[PDB]
Amino acid sequence: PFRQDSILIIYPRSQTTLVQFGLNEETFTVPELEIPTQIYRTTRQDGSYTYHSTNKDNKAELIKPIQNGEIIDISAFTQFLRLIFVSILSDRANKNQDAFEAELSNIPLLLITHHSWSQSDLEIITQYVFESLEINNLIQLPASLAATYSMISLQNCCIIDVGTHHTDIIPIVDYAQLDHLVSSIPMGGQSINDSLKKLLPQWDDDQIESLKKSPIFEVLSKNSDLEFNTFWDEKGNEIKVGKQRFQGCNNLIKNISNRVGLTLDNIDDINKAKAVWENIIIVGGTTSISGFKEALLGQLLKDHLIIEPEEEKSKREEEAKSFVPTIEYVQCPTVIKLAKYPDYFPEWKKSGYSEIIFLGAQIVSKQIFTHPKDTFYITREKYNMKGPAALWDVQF
Amino acid sequence: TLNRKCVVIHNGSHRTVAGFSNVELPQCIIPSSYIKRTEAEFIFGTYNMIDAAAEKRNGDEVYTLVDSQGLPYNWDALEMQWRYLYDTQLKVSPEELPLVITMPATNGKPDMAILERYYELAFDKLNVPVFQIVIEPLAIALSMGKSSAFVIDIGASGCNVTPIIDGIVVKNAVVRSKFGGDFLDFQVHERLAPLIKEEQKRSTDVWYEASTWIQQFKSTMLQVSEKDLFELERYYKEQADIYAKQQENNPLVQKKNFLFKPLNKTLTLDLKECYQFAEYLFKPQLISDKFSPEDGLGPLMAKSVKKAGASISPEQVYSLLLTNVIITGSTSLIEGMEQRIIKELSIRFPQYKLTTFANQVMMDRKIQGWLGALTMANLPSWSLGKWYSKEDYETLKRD
Amino acid sequence: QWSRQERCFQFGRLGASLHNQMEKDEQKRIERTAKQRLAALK
Amino acid sequence: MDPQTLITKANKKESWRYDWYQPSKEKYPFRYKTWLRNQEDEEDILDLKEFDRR
C-alpha cells in the first residue's frame, strides 16, 4: 500500500464535481474530470427508486443532490458517487484489462466534504463507501483544511469560499476548523449578475454573464483608462460597455467583510486571532475575477484594521509643530494580509487558484496514502470494529 | 467504551453550547437569548441576531431564556431554541440519541419543579429517548480529575461558589454572587458613556452593543489588580513621592488605547481606570451605599467554605477545599483574576496552603461547563449517571 | 484531547516540510529547463 | 461490463445498520439509535471524455 495510480479524489459541489484518479508523481495536475452534480431518478410502480445517467425514455426525474453546498438528498448523492466510481472502473478496466490486479486492486478514496454536512450524512456516506462501493480506505477531508494544506500548510487562517449563491466563512485555528464560528451568507457570484441587471436594464442574462466572464470586467482599488471598452457575446456578438464593467462586485464584497469581522472578533485567544487575520484565504470561481481578491482585502482593511483615526492623527502632527510616536492599540487586527500562494505548482499557476482546495487534497492524499501510518483514514479493520462510527476516530 | 453518541447541551444564562459527545469542541455556541420580531417570529443564533440587531427595526426585542439562578424560566422559548439547535446545528431528530444537559448547583429547593419541566420538554414535546442532567460545578470538577473541589465560577450572572466533597455537592454552602460579566458590561457602558455620546424595550441596542464593542473592550482593556486597589494606590503614591523627593514611575499612570469603531474614535484609559471595573466584583460597596462588603467575592468565598465546615473537622474541610480550588468561567479569564481570587482567599485563610487549578486555554473555560457535561457523556458505564427515561415521568405523574 | 491536538499539529507541521521539498524540487526542475533553454535555439 | 460486478472485482467483511438499541445493566427501560453490527443473517455508466476538459 498504496499505488499512486490508484488514489481517487472526489470533490463534489452544487453545480459540478471535480474528479481525479491517480497522482502524477512529478507535479500535481489540475483536475481534468468535471462531472455535473446530478443524477436521474426513475420511480418504479411499487414505490422504489432507480438511478440513471440519462433521462431514461423521459421516465426519470432530475435530482440535484447538493444545493448551496448542502446535501439535500443523501440517497441520490450516494448513487451519484457510485456512478462516478463505477465509470472510473469501467474506463480503466477496458484500457488495460489487467487492471483488477494492478490499478484497480486497492483504491483508497479521498472525499472532500463541506462544512454543512451532517454527522448523519457523513456516517451514511462512510457506510456507502465501505458496503456498497466495497472500497477499503477512506479519508473524509474538510474543504477548509484542503485549503490550508494547499496554502503551504497554515496553522491559523480564514477561508473565504465564494460560491454561486452563498459564501462560506471558515476560521482555522491550530489546524482545526472552528465549527462554532463557521457560517455562510446567502450571497455569492450571482449577486454580481443581479447588481449588473440593475445597472444595465436593457441587457439580458447571457449578455450580463458574458461581461462578468470577460477580460474587461474588473474590480478597481490599460483598461481602467478607457471610458468604454469592448467584449464579445457567447454567440460572437460585439458589445460595448462603460463604467458598469468596474461595478457589481461591491455589495458582495461588503457583505463578506462584515461577516469576516464578526467572525474573527469571536476568536477568544487574541494571539491566535492576530495570526488568522494575517492569513486570509479566498477561493471559488468568482475570485478569479480580475481585481476581486485585492478588492476584498481592501475592504477588510477599510472596515477592520486597528489604526489611528486620520483626523486624530492630523491634530497630533499639528501639535508637534511647536516627530509623532505611533499610538498603540490593545486590539487586533493591526495587520491584515492575504495568505501567500505557493508559486511552485506550475500547472496550478497556469490555471489560477480558484480551485486550489483540490490541490490541498492532492497533497494530503499523497502524504497520507504513501506512508504506513493509518492514523487519518478509516480502514476495513476499523470499519469492521466500529462501523461508520469509525469515522470519528480519525478526524483531524 | 459504550456504543452511543449523545447530544450535549449547556444552557448558560448568557451563552448556550451544543454539540455531539464524539468530538472535542461544540458544534455551536449561540446566545441564550433571542429576538422576537413582529405575526410573531423568533430569531436565534449569534450572526442571525447581530444582523437583525444592526437592522435597528422597531418591534424587534431581545428576551432571555435563563434567569440569574442559571435556570430556564421561559419554557416555550426554550423549546424553540432546542428545535433550532437540533434542526439547524446538530441536524438530527431529537428522538434518536441520548441527551445530556446541565443544571447549576442549588440549595435543593427549585430542583423538583425544574426536573418536571424538563420531563415535559424532553418527553411530551421533543420525544427524546432518555436524558441525564449533570450539575455544572460537579461536571467541570470531574472533567478536571477532581472528586472534591471548591469550584469558583465567574460567569455572566455573577460568581457561583460551590464546595464539592468526595463527589457530593454541599448544597447549604452553595453561594451565588450577583456581580459578574453582565454587571461589567453595565459599568463599562456607564463609564465610557460620555466619550461615545450615549450619556427592556431598548433591549436590542443594549444587547448588540454588549455583544460587539463592549465584549471587545472587556477582553482587551480590563485587568484585575492583584491587591486591594485603594491600597495599591496609597502605596504607589507613597513610593512615587520618594522617587520625586529623593532626586530633588507610578505604574497606575500607564495609558491604554482602544479604537472605538462606531465613531472611529480612540478611547484612552489609565491603568487605574482599567483596574477599576473588576474592583467592583470584589468591593461592590464602591458603587452603591446599598451593598455590604460581604456581597463582595472575597467575603463570599470565605462564607461558603465556613458554611462547608458546618457539614454534615472544620479545619479539615477548610484544608480539603483549599487544596482543590477550581477557578472557572468566561469572566475568570480577565487578566489578573486568578491571582486576586487567590490573594483574597489566602488572607481569609492564612493557616492553610491554597492550591488552585484552572484551564489555561482561553476557549476551554468559556465553555468549560459544556466540556464538563461532555466528559460525563463519555463515561464508560450507563450506571455512572442518573438517566431519566419516559418511565420515570410516568411514575412521577401518579398522584 | 492532548493526543489528538498533538497528532494534528504534527501533521500540519510536516506538510510545511513537504511543501519545502516540493518547492526545492520544482526549483531544480525549472532551473534545468531554463539553463538549456537560454543557451540553445530554438 | 455489469457495474455491480466491476465493484465486486475491484479492491480485493461486515455490515452495519442504524437502528434502535436497548442497553442492559436486565435491560434499561430506554432506547436509542446507534450503529449496530449485523448478525450472520441480517444501473448505468457514463463516458468520461465528455467530462474531460478540452
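Residues numbered from 1 in each chain as written, not as in the entry; some residues may be left out. Chains lettered and ligands numbered in written order. Part of a larger assembly, values for the part shown. Heavy atoms only, no water.

Method information in the entry identifies cryo-EM as the source of the structure, with 20 Å recorded as the resolution.

Right, let's talk about the sheet that holds strand β10 (residues 137-142) of chain A for a bit. Residues and elements named next belong to chain A. Taken in spatial order, the 6 strands make up an open sheet running β3-β2-β1-β9-β10-β18, and their pairing is mixed. In this open sheet, the two strands that pair with only one neighbour each are β3 (33-36) and β18 (378-379). Where strand β2 (residues 16-21) and β3 come together, 4 bridges link them in antiparallel fashion. Each residue of the ladder has a partner; that of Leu18, found in β3, is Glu34. Sheet strands touched by helix α3 (residues 143-150): β9 (109-113) and β10. Its angle to β10, the strand with the most contacts, is close to 85°. (Pairing = 2+ DSSP bridges. Helix = DSSP H or I, 4+ residues; strand = E, 2+ residues; numbered from the N terminus. Contact = heavy atoms within 4.5 Å. Axes fitted to C-alpha atoms, helices over the stretch in contact; angles between N-to-C directions.)

Counted by the stated rule, this structure contains 44 aromatic pairs over all chains. Ring centres of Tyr119(B) and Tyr388(B) lie 5.8 Å apart, and the angle between their planes is 65°; this geometry places the pair in the edge-to-face category. The exposure class assigned to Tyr119(B) is buried, which follows from its relative accessible area of 3%. Cluster of aromatic residues (ring-pair linked, three or more members): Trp382(B), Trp387(B), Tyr21(D), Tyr28(D), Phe30(D) and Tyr32(D). In this structure, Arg4(B) is placed above the aromatic ring of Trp382(B), and the distance from its NZ or CZ to the ring centre is 4.2 Å. Cation over ring: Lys146(B) sits above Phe357(B), and NZ or CZ is 4.3 Å from the ring centre. (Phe/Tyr/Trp six-rings, centres within 6.5 Å; stacked < 30°, edge-to-face > 60°. Buried < 20%, exposed > 50% of the residue type's maximum accessible area, 1.4 Å probe, protein only. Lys NZ or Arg CZ within 6 Å of the ring centre and 35° of its normal.)

So, on to the domain arrangement of chain B. All names here are of chain B. For chain B, the assigned domains are domain 1 (1-136 + 369-399), domain 2 (137-178 + 293-368) and domain 3 (179-292). Look at where the C-alpha atoms of domain 1 and domain 3 centre, and you get two points 35 Å apart. If you look at the interface, domain 1 gives 12 residues, while domain 3 gives 10 residues. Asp205 serves as the salt-bridge partner of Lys56, at 3.8 Å between the closest nitrogen and oxygen. Broken down by secondary-structure element, the contributors of at least two residues to the side of domain 1 that touches domain 3 are α1 (46-54) and β6 (61-64). In terms of residue count, the dominant contributor to the side of domain 1 that touches domain 3 is α1 (5 residues). Considering only residue class, the side of domain 1 that touches domain 3 consists of 6 nonpolar, 3 polar and 3 charged. (Domains from an automatic or database assignment. Salt bridge = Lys/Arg side-chain N within 4 Å of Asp/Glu carboxyl O. Nonpolar A, V, L, I, M, F, W, Y, C, P; charged D, E, K, R; others polar.)

A separate point is the interface of chain B and chain A. With 29 residues of chain B at the interface, the matching set in chain A holds 34 residues. Across the chain B/chain A interface, buried area totals approximately 2,600 Å², and carbon plus sulfur atoms make up 50% of it. Among the residues chain B hides against chain A, the three largest losses belong to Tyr47(B), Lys91(B) and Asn257(B). Together they make up 24% of the total. For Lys5(B), the salt bridge is made with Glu123(A), and the minimal N-O distance between the two is 3.2 Å. Counting across the chain B and chain A interface gives 16 residue pairs in polar contact. Of all the secondary structure elements, the ones that give two or more residues to the side of chain B that touches chain A are β3 (28-31), α1, α7 (213-220), β13 (255-260), β14 (265-270) and α13 (362-366) of chain B. (Buried area = accessible area lost by both parts, 1.4 Å probe. Polar contact = N/O pair within 3.5 Å; in protein donor to acceptor, adjacent residues only side chain to side chain.)

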